[PDB]
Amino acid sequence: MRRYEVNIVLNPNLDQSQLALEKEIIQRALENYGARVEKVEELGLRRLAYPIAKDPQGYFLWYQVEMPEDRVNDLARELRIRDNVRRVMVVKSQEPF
């Protein structure tokens, strides 16, 4: 069990009930892959380093989790098949909250 930071970029044009739904799917994918969610931050819109789906902005979500390292790559895969997930990046936690 290792602590990771999961950085999710979502489609910037979702309304609030679409946004809450994507968040619920992300939490169930987290729980189903063995993750203990310790911190969630809703960061909001930011301009991307390069456009994704011809969109130069994205809605950012960050999570601090503790999960089995052998499951991380399958979780990142699962999260990437939702059409509204523009980018997933999981890094090892260096300075945990």
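Position 1 is the first residue in the sequence shown; the rest follow in order.
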Quiz item: Do the C-alpha atoms of 61 to 69 or of 32 to 40 have the higher average B factor in the entry?
Solution: 32 to 40
Quiz item: Looking only at CA atoms, which has the higher mean B factor in the entry: 13 to 21 or 72 to 80?
Solution: 13 to 21
Quiz item: Should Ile8 be placed in the lowest, middle or highest third of its chain by the C-alpha B factor in the entry?
Solution: middle
Quiz item: If you rank the chain by CA B-factor, which third does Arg46 end up in: lowest, middle or highest?
Solution: lowest
